[PDB]
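Undergrad: Pasting an experimental structure, sequence included:
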Amino acid sequence: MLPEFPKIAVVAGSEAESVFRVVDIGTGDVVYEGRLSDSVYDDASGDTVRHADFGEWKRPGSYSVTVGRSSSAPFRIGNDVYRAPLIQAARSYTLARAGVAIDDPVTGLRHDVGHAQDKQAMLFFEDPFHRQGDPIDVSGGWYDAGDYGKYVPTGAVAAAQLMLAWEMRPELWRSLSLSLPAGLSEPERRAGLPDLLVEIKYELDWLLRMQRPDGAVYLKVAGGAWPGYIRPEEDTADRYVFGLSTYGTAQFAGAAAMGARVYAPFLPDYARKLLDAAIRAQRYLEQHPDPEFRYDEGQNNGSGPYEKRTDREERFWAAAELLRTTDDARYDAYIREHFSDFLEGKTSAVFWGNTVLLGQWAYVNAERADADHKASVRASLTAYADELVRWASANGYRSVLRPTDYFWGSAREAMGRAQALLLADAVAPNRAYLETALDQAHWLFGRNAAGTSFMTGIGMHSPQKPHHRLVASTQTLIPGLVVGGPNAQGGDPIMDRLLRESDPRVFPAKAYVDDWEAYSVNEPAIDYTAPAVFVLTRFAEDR
């Protein structure tokens with residue numbers, strides 16, 4: 001917990017108690033005694049919960065909350081408390097790199113070069129630039145999740161969210177070491193690039209390799225079958241380039257246009273390479289206005305589908321990010337002609353299937369965007385943020401999730417909503433936005449009905465058996481990874497059995513188990529961790 005922010009312990013049950021005591025563990029002295037709030041039933045969990053509010057106690061230290069016969073696990077009040085998880089989450093991307101050997105003394109993660117054969121991955125179909133089966137260098141980038149596939153939509157959206165974390169607090173990140181393992185990114189490190197930007201560039205370099213000469217971008221790199229729980233160097237099967245999509249082409253353009261701005265102070269040639277690539281993608285999109293999602297039979301036999309057959313929110317982001325980076329007012333005209341609805345509303349949390357908020361954020365920060373339309377976008381952001389505050393303020397776990405939000409990726413959604421609250425705070429400062437965003441980090445780290453952190457390596461309870469082939473094959477804890485979170489819709493054989501056999505039925509906020517095969521709730525992904533990095537950036541102490 002931070003000294004200057006709200007402090008509530010959430011207690012499920014304990015209906016009969018009326019007071020609580022905050023005890024300094026080092027002295028045994030009570031530093032704060034108060035009355036518990038009234039018990040209130042929580043629809044998503046089935047829990048009856050109340051609060052111990054001790055926000056006025058601000059002294060750093062280690063404490064426990066006593067209620068009746070029980071005392072909480074120790075917790076910290078301190079200014080420094082979110083720096084370590086931020087660092088862990090950010091450097092988890094390094095440990096997810098494809099195409100390199102890793103020997104990390106921090107975690108002990110060690111593996112030989114994985115997927116070197118991505119340097120000659122075979123195109124799964126014929127296109128105007130390559131025969132079916134022709135090799136393409138699509139090496140590098142990050143493994144997506146617990147598998148070894150590499151997918152443009154989540155790679156672009158994750159890279160963009162990490163770049164927005166950079167832009168939120170560049171001076172924090174300039175002095176933040178990710179303890180990059182030996183041999184990695186040696187030219188970038190010799191050049192003094194901040195470690196976060198070194199890591200993001202590994203993914204941008206790969207995204208650039210997924211673009212064809214006409215500007216369009218392929219969908220993903222993977223094999224024809226899912227590997228077992230094996231080290232990446234053991235996954236020697238042929239690799240393929242699959243798919244072609246307009247929404248992924250637009251997401252690439254958004255990420256590359258953002259990277260052009262972010263990298264320009266450091267690497268003028270690389271920044272211009274990114275911008276030219278972004279504009280080639282945008283020009284492909286302007287010349288091919290209809291959505292496309294290419295599907296060849298078999299392309300999902302060994303990798304996730306990431307299918308979206310419309311693309312408006314992503315085309316909007318591409319154009320708005322280009323507007324922000326280039327200051328070319330022709331992009332404002334284009335946006336106003338085709339995407340006026342996104343200038344007047346429809347804010348929703350960022351994820352790979354809807355980047356409208358990345359576009360809205362670019363637009364409101366664009367010097368050459370129309371002023372009245374920037375005002376409209378700010379109001380869309382604050383209306384959405386106000387709704388999140390209303391929900392969370394009345395929720396016993398101070399959660400921005402409703403019972404119907406417990407589907408695949410709920411933990412991402414909590415942190416994406418927290419991200420939206422912080423973007424709203426940037427355009428229209430409001431302490432409630434900042435506090436509610438921080439409440440979602442409290443939730444993520446275990447203040448929730450499932451009684452577990454959804455970030456590895458953090459919390460009294462955390463995921464120990466994430467559906468993750470590197471963790472499983474090396475039996476090595478990688479901290480800072482965010483798993484999907486509770487999901488009442490099923491999707492893997494463990495959760496499917498739990499949900500169908502349970503009587504009474506599982507409450508949605510508890511639809512979670514820590515098991516290797518529970519991949520509908522317990523698989524980490526780069527686009528789950530990315531909004532958590534963004535949110536923690538705001539609350540990490542600088543030095």
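TA: In hand now; what should we look at? Residues are numbered from 1 along each chain as shown.

Undergrad: My reading is that residue 537 lies in a helix. Confirm?
TA: Yes: the assignment for residue 537 is a helix, going by DSSP: H, G, I helix; E, B strand; the rest coil.

Undergrad: got the contact list for it?
TA: Neighbour list for residue 537: 86, 165, 168-169, 172-173 [criterion: CB atoms under 8 Å, 6 or more residues apart in numbering]. C-beta coordinates here come from the backbone N, C-alpha and C atoms, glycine included.

Undergrad: and if we set it to 10 Å?
TA: Listed by CB atoms under 10 Å, 6 or more residues apart in numbering, the contact set of residue 537 reads 82, 86, 89-90, 162, 164-169, 172-173, 176, 196, 422.

Undergrad: Skip the chain neighbours and tell me the closest residue to it.
TA: residue 165 (4.3 Å; CB to CB, 6 or more residues apart in numbering).

Undergrad: Surely that neighbour touches residue 533?
TA: Yes: counting by CB atoms under 10 Å, residue 165 does reach residue 533; the two are 5.3 Å apart.

Undergrad: list residues touching both of the two?
TA: Contacts common to residue 165 and residue 533, judged by CB under 10 Å, 6+ apart, are 86, 89-90, 196, 419, 540.

Undergrad: Surely residue 500 is in contact with residue 490?
TA: Yes: the criterion here is CB under 10 Å, and residue 500 meets it with residue 490 at 8.1 Å.

Undergrad: These two: which is more packed in?
TA: Legend: neighbour count by other CB atoms under 10 Å for residue 500 and residue 490, higher for residue 490 (18 against 11).

Undergrad: Pull the contacting residues for the more buried one.
TA: Per CB under 10 Å, 6+ apart, neighbours of residue 490: 407-408, 496-500, 511, 520-521.

Undergrad: ok, now how distant is it from residue 498?
TA: 9 Å (CB to CB, to the nearest Å).

Undergrad: shared neighbours of the two, which are they?
TA: 511, 521.

Undergrad: now the end-to-end length of stretch 167-183.
TA: 27 Å (CA to CA, to the nearest Å).

Undergrad: buried ones in it?
TA: 168, 172-173, 176, 178, 180-181 (16 or more other CB atoms under 10 Å).

Undergrad: quick one: which of the shared contacts of residue 165 and residue 533 is nearest residue 320?
TA: Nearest to residue 320 among the shared contacts of residue 165 and residue 533 is residue 419, at 16.8 Å by CB to CB.

Undergrad: what about that closest one, which SS state?
TA: Residue 419 ends up helix, using three-state DSSP.

Undergrad: Count the neighbours of it for me.
TA: So residue 419, with other CB under 10 Å, has 26 neighbours.

Undergrad: Now do the same contact list for it.
TA: So residue 419 contacts 161, 164-165, 349-350, 357, 361, 437, 440, 530-535, 538 (CB under 10 Å, 6+ apart).

Undergrad: where does it sit relative to residue 426, distance-wise?
TA: Taking CB to CB, one finds residue 419 at 11 Å from residue 426.

Undergrad: ok, the nearest residue to residue 536 once chain neighbours are set aside - contacts?
TA: Spatial nearest neighbour of residue 536, excluding adjacent residues (CB to CB, 6+ apart): residue 86 at 4.2 Å. Going by CB under 10 Å, 6+ apart, residue 86 touches 165, 172-173, 176, 480, 532-541.

Undergrad: can you pick the most crowded of these?
TA: Neighbour max across those (other CB under 10 Å) = residue 532, 31 neighbours.

Undergrad: I'd say it and residue 417 touch.
TA: No: taking contacts as CB under 10 Å, residue 532 lies outside contact range of residue 417: 11.9 Å.

Undergrad: what's the overlap in contacts for the two?
TA: residue 440.

Undergrad: Any figure for the gap between residue 375 and residue 169?
TA: 26 Å.

Undergrad: ah, wrong one, I meant residue 189
TA: Distance from residue 189 to residue 169, by CB to CB: 21 Å.

Undergrad: which one is residue 451 nearest to, not counting chain neighbours?
TA: Going by CB to CB, 6+ apart, residue 451 has residue 461 as its nearest residue, at 5.9 Å.

Undergrad: If you could redo that for residue 378, that was the one I meant.
TA: residue 427 (4.6 Å).

Undergrad: What number of residues are in the vicinity of the one you found?
TA: Quick note: residue 427 (other CB under 10 Å) scores 20 neighbours.

Undergrad: Could you do residue 43 as well?
TA: Counted with other CB under 10 Å, residue 43 comes out at 14.

Undergrad: mind checking the SS state of the closest residue to residue 507 other than its chain neighbours?
TA: Using CB to CB, 6+ apart and skipping residues adjacent in sequence, the residue nearest residue 507 is residue 46, 4.1 Å away. Per three-state DSSP, the secondary structure class of residue 46 is coil.

Undergrad: wait, residue 46 sits on residue 12?
TA: Yes: using CB under 10 Å, residue 46 is in contact with residue 12, at 9.4 Å.

Undergrad: what's the overlap in contacts for these two?
TA: residue 449.

Undergrad: mind listing the helices in the stretch 351-500 of the chain by residue range?
TA: 356-364, 371-394, 410-427, 431-444, 469-474, 493-501 (DSSP state H, counting those that start in this stretch).

Undergrad: Rebuild these as CSV, extending it with distance to residue 256.
TA: Below are the helices of the stretch 351-500 of the chain laid out as CSV (distance: least, CB to CB, whole Å):
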stretch, distance to residue 256
helix 356-364, 13
helix 371-394, 22
helix 410-427, 21
helix 431-444, 28
helix 469-474, 28
helix 493-501, 37
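
Undergrad: Looking at the ones you listed, which is nearest to residue 485?
TA: Nearest to residue 485, of those and by CB to CB, is helix 410-427 at 2.9 Å.

Undergrad: Just want the angle from that closest one to helix 431-444.
TA: Relative orientation of helix 410-427 versus helix 431-444 (axes from the mean of the first three to the mean of the last three CA atoms, to 10 degrees): 160 degrees.

Undergrad: Could you check stretch 502-520 and say which residues are buried?
TA: Neighbour-count burial for stretch 502-520 [16+ other CB under 10 Å]: 506-516, 518-520.

Undergrad: Stretch 302-313 now?
TA: For stretch 302-313, by 16+ other CB under 10 Å, it's 302-304, 306, 308, 311-313.

Undergrad: could I get that stretch in PDB with only the CA atoms?
TA: Provided in PDB are the C-alpha atoms of stretch 302-313 (Å, rounded to 0.1, in the frame of the first residue of the first chain):
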ATOM      1  CA  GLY A 302      -1.200 -25.100 -33.700                       C
ATOM      2  CA  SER A 303      -2.000 -21.500 -32.700                       C
ATOM      3  CA  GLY A 304      -4.800 -19.300 -31.600                       C
ATOM      4  CA  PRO A 305      -7.200 -17.700 -34.100                       C
ATOM      5  CA  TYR A 306      -7.200 -14.000 -33.200                       C
ATOM      6  CA  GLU A 307     -10.000 -13.500 -35.600                       C
ATOM      7  CA  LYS A 308     -11.700 -10.200 -36.200                       C
ATOM      8  CA  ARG A 309     -13.700  -9.800 -39.400                       C
ATOM      9  CA  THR A 310     -14.300  -6.000 -39.000                       C
ATOM     10  CA  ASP A 311     -11.600  -3.500 -38.400                       C
ATOM     11  CA  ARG A 312     -13.000   0.000 -37.800                       C
ATOM     12  CA  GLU A 313     -11.600   0.600 -34.300                       C
END
